[PDB]
Amino acid sequence: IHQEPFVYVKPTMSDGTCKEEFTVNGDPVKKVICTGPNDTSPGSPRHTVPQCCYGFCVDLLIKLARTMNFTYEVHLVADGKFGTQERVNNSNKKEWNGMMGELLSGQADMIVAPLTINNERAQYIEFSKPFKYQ
Amino acid sequence: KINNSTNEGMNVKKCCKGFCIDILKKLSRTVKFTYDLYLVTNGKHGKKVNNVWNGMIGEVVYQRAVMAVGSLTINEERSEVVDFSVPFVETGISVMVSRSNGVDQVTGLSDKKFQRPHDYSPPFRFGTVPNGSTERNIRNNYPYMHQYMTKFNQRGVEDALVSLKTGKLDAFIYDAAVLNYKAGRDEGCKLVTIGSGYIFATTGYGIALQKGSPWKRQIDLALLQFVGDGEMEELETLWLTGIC
Amino acid sequence: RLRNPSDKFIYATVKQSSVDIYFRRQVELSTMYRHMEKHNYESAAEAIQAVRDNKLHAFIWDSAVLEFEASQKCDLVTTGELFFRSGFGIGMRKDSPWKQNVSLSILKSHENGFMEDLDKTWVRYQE
């Protein structure tokens, strides 16, 4: 999902290009080409364009890809929710959404996001040792 | 053991308490298992001496025991031999100095003091517990630091604490949670902690299980639930005291 | 005043959040659950802008994120207490060979100073 300090989202400059901006420390900014909706469903009926994503989680994932040999394909969650177990309004059929919904459906292989480690979500999926403390 | 000439010994029965023992009692309340607590006579936590471990690692790898509720450090070589559950307390490593007497001080492991004690006019000294877990971190990250720490070695945890109070030691390196409690009850509060686990490991405390233990799913469910309902918070109040 | 809130202290969080679930688990914190349900925003940026316009009065959020935000903007002020000491994890599928070496890599990065460089890049940076 779009994390304010960890995942920076930028539209392409002219056509599918990311401006190779640098930091103030001589370190090039490493971005990734990401595909996701432009606005919400009420706002954007259907507007998904390849954009440029970078930040903290992107650096972590790129370090991971550097460590072990495997490619990846980034996309975005259709809405802006982590994921809740909500039963159908009338059918009362429990269901997940957001990142958890897209991961349970099989469309997602690995969620790399500032996830909140908790028992309810650990009951359905697995975790690695925490990288963060806060 | 009775004497040093013979290896015969006696199973003296004592009473145990503390903070981690509170965890073990509450675990049997939910999982409803049984235990036969005892103490390691071999020695410290674990050290692979020519592919031979000792202490708790020697008791779970060799499967003479099952688990170890005692405090243990999470690293690579210990994660190879056994499996850890989820951690519950946020503890790093830190350096203790009597900053309080009668600013920048040690900025951290990157401080210029850890480049050469001769770089500064007063030749300081700082060591750790011999055959300890943190000693491995120094060797893996800075072998030169181990060479400097070779002449700054000490014997006892409180012995170094005495040395810092008396002035026989300048700085000392040990875990955060242990050194935080000793500084929360100390009279005078001459010794001062450095940072908040900022330039340090920022790891956790875990329970060593035999590899592939079926208890692993049940144990982790309770531990996350234990921190998920505020019960873990009260135990910190009971066994931790932060003044000022 | 937060235990029995009113129309003055406007506090909420992101709709359908793990913070909302955390409040829901607390059977003794149903009042805040019933209060924030009428003001939950879509994203944290909505809360940032609304409180920037002095329309909100409190907002539950993460620690390091708000530290960086207060570094960027001086008007952003946080509280003093530090609660719910947990960690962030990598959302994974069920048991698969993409679990062992991943956690081992995370540990090997935590033991050395690569996380320090990541902090220098994004978290440690200030204004």
# chains A, B, ... in the order shown; residues from 1 in each chain; ligands from 1
$ select_by_dssp --residues "stretch 101-133 of chain A" --states "strand (DSSP E)" --output "VMD selection string"
chain A and resid 110 to 116
$ write_last_selection --atoms "N, CA and C atoms" --output "CSV table (one decimal), in the first residue's frame"
chain,number,residue,atom,x,y,z
A,110,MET,N,3.5,-12.3,-1.9
A,110,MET,CA,4.3,-11.8,-0.7
A,110,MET,C,3.9,-10.3,-0.5
A,111,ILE,N,3.4,-10.0,0.7
A,111,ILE,CA,3.1,-8.7,1.1
A,111,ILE,C,4.3,-8.1,1.8
A,112,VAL,N,4.9,-7.0,1.2
A,112,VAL,CA,6.0,-6.3,1.8
A,112,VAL,C,5.4,-4.9,2.1
A,113,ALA,N,5.0,-4.7,3.3
A,113,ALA,CA,4.3,-3.4,3.7
A,113,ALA,C,4.5,-3.3,5.2
A,114,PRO,N,4.3,-2.1,5.8
A,114,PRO,CA,4.4,-1.9,7.2
A,114,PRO,C,3.2,-2.6,7.9
A,115,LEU,N,3.3,-3.9,8.0
A,115,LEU,CA,2.2,-4.8,8.5
A,115,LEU,C,2.1,-4.8,10.0
A,116,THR,N,0.9,-4.8,10.5
A,116,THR,CA,0.8,-4.8,12.0
A,116,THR,C,0.7,-6.3,12.4
$ closest_atom_pairs --of "chain B" --to "chain A" --cutoff "7 Å" --atoms "only C-alpha atoms" --output "Markdown table"
| residue | atom | partner | partner_atom | distance |
| --- | --- | --- | --- | --- |
| B:221 | CA | A:119 | CA | 6.6 |
| B:224 | CA | A:119 | CA | 5.9 |
| B:225 | CA | A:119 | CA | 6.4 |
$ residues_around --residues "residue C:107" --least-positions-apart "3" --cutoff "9 Å" --atoms "only C-alpha atoms" --output "ChimeraX atom specification"
/A:129-131 /B:74-76,203 /C:102-104,110-112
$ interface_residues --of "chain B" --to "chain C" --cutoff "12 Å" --atoms "only C-alpha atoms" --output "ChimeraX atom specification"
/B:73-80,83-84,86-93,108-110,134,136-138,140-142,197-204,224-225,227-233,236
$ write_last_selection --atoms "C-alpha atoms" --output "PDB file, in the first residue's frame"
ATOM      1  CA  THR B  73      20.118 -14.191  22.377  1.00  0.00           C
ATOM      2  CA  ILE B  74      19.003 -14.525  18.750  1.00  0.00           C
ATOM      3  CA  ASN B  75      21.810 -14.830  16.202  1.00  0.00           C
ATOM      4  CA  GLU B  76      22.765 -16.964  13.211  1.00  0.00           C
ATOM      5  CA  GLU B  77      24.693 -19.884  14.699  1.00  0.00           C
ATOM      6  CA  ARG B  78      22.077 -20.474  17.401  1.00  0.00           C
ATOM      7  CA  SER B  79      19.247 -20.343  14.862  1.00  0.00           C
ATOM      8  CA  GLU B  80      20.955 -23.160  12.934  1.00  0.00           C
ATOM      9  CA  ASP B  83      14.153 -22.944  16.440  1.00  0.00           C
ATOM     10  CA  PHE B  84      12.858 -19.853  18.223  1.00  0.00           C
ATOM     11  CA  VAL B  86       8.083 -15.267  18.719  1.00  0.00           C
ATOM     12  CA  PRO B  87       9.936 -12.662  20.811  1.00  0.00           C
ATOM     13  CA  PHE B  88       8.162 -10.602  23.453  1.00  0.00           C
ATOM     14  CA  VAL B  89      10.548  -7.899  24.772  1.00  0.00           C
ATOM     15  CA  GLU B  90      12.453  -5.278  22.764  1.00  0.00           C
ATOM     16  CA  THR B  91      16.085  -5.550  23.890  1.00  0.00           C
ATOM     17  CA  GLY B  92      19.302  -4.564  22.129  1.00  0.00           C
ATOM     18  CA  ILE B  93      22.877  -4.207  23.318  1.00  0.00           C
ATOM     19  CA  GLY B 108      27.763   4.871  19.701  1.00  0.00           C
ATOM     20  CA  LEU B 109      29.707   1.962  18.221  1.00  0.00           C
ATOM     21  CA  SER B 110      30.751   4.466  15.516  1.00  0.00           C
ATOM     22  CA  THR B 134      27.819 -10.445  22.820  1.00  0.00           C
ATOM     23  CA  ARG B 136      30.624 -13.069  19.233  1.00  0.00           C
ATOM     24  CA  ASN B 137      29.126  -9.838  17.864  1.00  0.00           C
ATOM     25  CA  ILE B 138      32.392  -7.979  18.469  1.00  0.00           C
ATOM     26  CA  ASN B 140      32.023 -10.867  13.726  1.00  0.00           C
ATOM     27  CA  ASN B 141      31.814  -7.085  13.254  1.00  0.00           C
ATOM     28  CA  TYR B 142      35.138  -5.741  14.549  1.00  0.00           C
ATOM     29  CA  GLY B 197      18.906   0.658  21.191  1.00  0.00           C
ATOM     30  CA  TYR B 198      19.432   3.082  18.311  1.00  0.00           C
ATOM     31  CA  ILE B 199      22.695   1.944  16.677  1.00  0.00           C
ATOM     32  CA  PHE B 200      22.416  -1.599  17.971  1.00  0.00           C
ATOM     33  CA  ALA B 201      20.947  -5.044  17.355  1.00  0.00           C
ATOM     34  CA  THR B 202      17.296  -4.336  18.307  1.00  0.00           C
ATOM     35  CA  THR B 203      16.535  -8.058  18.577  1.00  0.00           C
ATOM     36  CA  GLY B 204      14.236 -10.012  20.897  1.00  0.00           C
ATOM     37  CA  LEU B 224       1.091 -12.869  20.889  1.00  0.00           C
ATOM     38  CA  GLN B 225      -2.195 -13.009  22.792  1.00  0.00           C
ATOM     39  CA  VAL B 227       1.056  -9.076  24.590  1.00  0.00           C
ATOM     40  CA  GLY B 228      -2.272  -8.538  22.832  1.00  0.00           C
ATOM     41  CA  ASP B 229      -4.295  -8.037  26.012  1.00  0.00           C
ATOM     42  CA  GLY B 230      -2.038  -5.970  28.296  1.00  0.00           C
ATOM     43  CA  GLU B 231      -0.995  -8.850  30.556  1.00  0.00           C
ATOM     44  CA  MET B 232       2.596  -8.541  29.323  1.00  0.00           C
ATOM     45  CA  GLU B 233       2.457  -4.861  30.305  1.00  0.00           C
ATOM     46  CA  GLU B 236       7.007  -5.272  33.054  1.00  0.00           C
TER      47      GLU B 236
END
$ closest_atom_pairs --of "chain C" --to "chain A" --cutoff "7 Å" --atoms "only C-alpha atoms" --output "tab-separated table"
residue	atom	partner	partner_atom	distance
C:16	CA	A:84	CA	6.3
C:17	CA	A:82	CA	6.6
C:18	CA	A:116	CA	6.6
C:42	CA	A:80	CA	6.8
C:43	CA	A:80	CA	6.7
C:63	CA	A:134	CA	5.7
C:64	CA	A:134	CA	7.0
C:65	CA	A:5	CA	6.4
C:85	CA	A:134	CA	5.6
C:86	CA	A:134	CA	6.0
C:87	CA	A:133	CA	4.6
C:88	CA	A:132	CA	5.2
C:89	CA	A:130	CA	4.9
C:90	CA	A:112	CA	5.1
C:91	CA	A:111	CA	4.2
C:92	CA	A:110	CA	4.8
C:93	CA	A:125	CA	5.7
C:94	CA	A:125	CA	5.3
C:95	CA	A:126	CA	6.9
C:99	CA	A:128	CA	6.8
C:102	CA	A:128	CA	6.9
C:103	CA	A:128	CA	4.7
C:106	CA	A:131	CA	6.7
C:122	CA	A:56	CA	6.7
$ write_last_selection --atoms "C-alpha atoms" --output "compact mmCIF listing (two decimals), in the first residue's frame"
# COMPACT_ATOMS: atom_id res chain seq x y z
CA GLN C 16 -10.60 -0.63 8.80
CA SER C 17 -7.25 -0.46 10.59
CA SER C 18 -5.41 -2.82 12.90
CA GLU C 42 -9.82 6.71 4.05
CA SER C 43 -6.08 7.31 4.43
CA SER C 63 5.81 6.10 15.95
CA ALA C 64 8.58 6.47 13.34
CA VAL C 65 6.17 7.80 10.69
CA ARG C 85 5.50 -2.08 21.62
CA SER C 86 5.37 -4.50 18.68
CA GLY C 87 7.07 -4.94 15.31
CA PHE C 88 6.27 -4.79 11.61
CA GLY C 89 6.47 -7.99 9.60
CA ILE C 90 6.55 -9.21 6.00
CA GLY C 91 3.15 -10.45 4.88
CA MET C 92 3.65 -13.98 3.56
CA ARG C 93 1.68 -16.83 2.03
CA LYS C 94 1.32 -20.16 3.85
CA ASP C 95 4.29 -22.42 4.64
CA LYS C 99 9.99 -18.30 4.55
CA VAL C 102 13.74 -14.69 4.08
CA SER C 103 13.75 -14.54 7.88
CA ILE C 106 16.23 -10.25 7.80
CA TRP C 122 14.82 7.73 5.28
$ atom_distance --atom1 "atom CA of residue A:13" --atom2 "atom CA of residue A:58"
19.6 Å
$ residues_around --residues "stretch 48-59 of chain C" --least-positions-apart "5" --cutoff "6 Å" --atoms "only C-alpha atoms" --output "NGL selection string"
:C and (9-13)
